[PDB]
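# Descriptive structure summary
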Amino acid sequence: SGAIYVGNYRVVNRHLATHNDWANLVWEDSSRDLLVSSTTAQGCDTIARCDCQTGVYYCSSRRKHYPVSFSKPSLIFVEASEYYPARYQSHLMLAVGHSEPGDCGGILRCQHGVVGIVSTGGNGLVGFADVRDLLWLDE
Ligand SMILES: NC(=O)[C@H]1CCCN(C(=O)Cc2ccnc(N)c2)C1
Ligand SMILES: [Zn+2]
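Residues numbered from 1 in each chain as written, not as in the entry; some residues may be left out. Chains lettered and ligands numbered in written order. Heavy atoms only, no water.

In its metadata, the entry names X-ray crystallography as the structure determination method and reports 1.687 Å as the resolution.

Taken in spatial order, the 7 strands line up as β5-β4-β8-β9-β10-β7-β6 in an open sheet, and their pairing is antiparallel. At either margin of the open sheet sits one strand with a lone partner, and together these are β5 (64–69) and β6 (74–78). The average angle at which neighbouring strand axes cross in this sheet is 50°, direction not considered. Strand direction decides the pairing type here: strand β9 (residues 113–122) and strand β10 (residues 125–130), joined by 6 bridges, are antiparallel. For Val-118, the partnering residue across the bridge sits in β10 and is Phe-128. (Pairing = 2+ DSSP bridges. Helix = DSSP H or I, 4+ residues; strand = E, 2+ residues; numbered from the N terminus. Axes fitted to C-alpha atoms, helices over the stretch in contact; angles between N-to-C directions.)

This next bit is on the domain arrangement of the chain. The assigned domain composition of the chain is domain 1 (3–44) and domain 2 (45–139). Between the C-alpha centres of domain 1 and domain 2 there is a distance of 16 Å. Taken together, the contact pairs 21 residues of domain 1 with 26 residues of domain 2. Taken together, the two surfaces of domain 1 and domain 2 that pack against each other cover about 1,900 Å², and 59% of this comes from carbon and sulfur. If you sort the residues of domain 1 by the area they bury against domain 2, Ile-4, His-15 and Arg-32 come out on top, with a joint share of 34%. (Domains from an automatic or database assignment. Contact = heavy atoms within 4.5 Å. Buried area = accessible area lost by both parts, 1.4 Å probe.)

What follows covers the site of ligand 1. Residues in contact with ligand 1 amount to 16 residues; listed here are only the nearest, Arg-87, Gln-89, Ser-99, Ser-119 and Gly-121. Within the side chain of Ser-119, one N or O atom sits 3.0 Å away from a nitrogen atom of ligand 1. Burial of ligand 1 by the protein amounts to 87% of the accessible area it has alone, namely 450 Å². Contributions of two or more residues to the shell around ligand 1 are made by β7 (87–96) and β9. (Near = heavy atom within 4 Å. Polar contact = N/O pair within 3.5 Å; in protein donor to acceptor, adjacent residues only side chain to side chain. Areas by Shrake-Rupley, 256 points an atom, 1.4 Å probe, with all protein chains shown as cover.)

A few words on the nonpolar core. Core analysis: the biggest nonpolar cluster contains 15 residues, and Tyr-57, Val-68, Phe-70, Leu-108, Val-115 and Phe-128 have the highest contact counts within it. For this core, the secondary structure elements donating two or more residues are β4 (54–59), β7, β8 (107–110), β9 and β10. If we skip the residues at most four places from it in the chain, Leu-108 touches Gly-55, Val-56, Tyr-57, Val-68, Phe-70, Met-93, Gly-113, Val-114, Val-115, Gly-116 and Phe-128. Among the nonpolar cores identified, the runner-up in size contains 14 residues, and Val-11, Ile-47, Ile-107 and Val-114 belong to it. (Core = buried A, V, L, I, M, F, W, Y, C linked by side-chain atoms within 4.5 Å. Buried < 20%, exposed > 50% of the residue type's maximum accessible area, 1.4 Å probe, protein only.)

A separate point is the side chain of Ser-119. Looking at the element boundaries, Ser-119 is found in strand β9. Note on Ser-119: relative accessible area 8%, which makes it buried. At 2.6 Å, the side chain of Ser-119 forms a polar contact with the side chain of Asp-33. Within polar-contact distance, the side chain of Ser-119 engages the side chain of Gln-89 at 3.1 Å. Apart from the residues within four sequence positions on either side, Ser-119 is in contact with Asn-13, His-15, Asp-33, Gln-89, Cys-104, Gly-127, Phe-128 and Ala-129.

It is worth spelling out the coordination of the zinc ion (ligand 2) at this point. Looking at the zinc ion (ligand 2), one finds its protein donor set to be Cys-50 (SG), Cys-52 (SG), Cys-110 (SG) and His-112 (ND1), positioned 2.2 to 2.5 Å from the metal centre. Metal-centred angles of 99 to 117° between the 4 donor atoms at the zinc ion (ligand 2) mark the site as tetrahedral. Every donor residue of the zinc ion (ligand 2) comes from the same chain, spaced as C-x1-C-x57-C-x1-H. A residue pair is termed long-range when its members are at least 10 positions apart, and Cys-52 in the loop between β3 (34–44) and β4 and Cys-110 in strand β8 qualify at 58 residues. Accessibility assignment for this pair places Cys-52 and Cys-110 in one class, buried. (Donors = N, O, S within 2.8 Å, 3.2 Å for Na, K, Ca; no water. Tetrahedral: all angles 85-135°; square planar, octahedral: opposite > 155°, others 65-115°.)

Below, the structure is given as structure tokens:
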């Protein structure tokens, strides 16, 4: 689990969104595994606006942050689960590293701020849903 709180927005993995998230839905994209809901309290997380390919992510299944190199956001094949059939998830970034299903929502960060959140994993590759292109999150 995990979310990004910026302004009056809460950004979570779509497969983990709550009833409250859906009742206060702002935007959702199944092809990106992202959902944004509105909040009453103001959030102060900083979204990175960059092309960084290095960062650090939080891995809850190890209580540790790991430094990784990751690919630029792109369309990648994702095997089916109880949340989705087999499909191509877009705006996804891969890195060599450990993850478990419960790690989804762990933040990936660079020197400029929040890059994205853990969304996919398996066979030693961890995938992050990018949020750096969502300029409206800051307005
Ligand atoms: N974005 C999706 O379609 C995900 C929905 C939930 C299932 N899924 C995963 O990759 C599960 C996962 C995540 C992280 N580490 C792992 N070792 C296994 C795909
Ligand atoms: Zn950066």
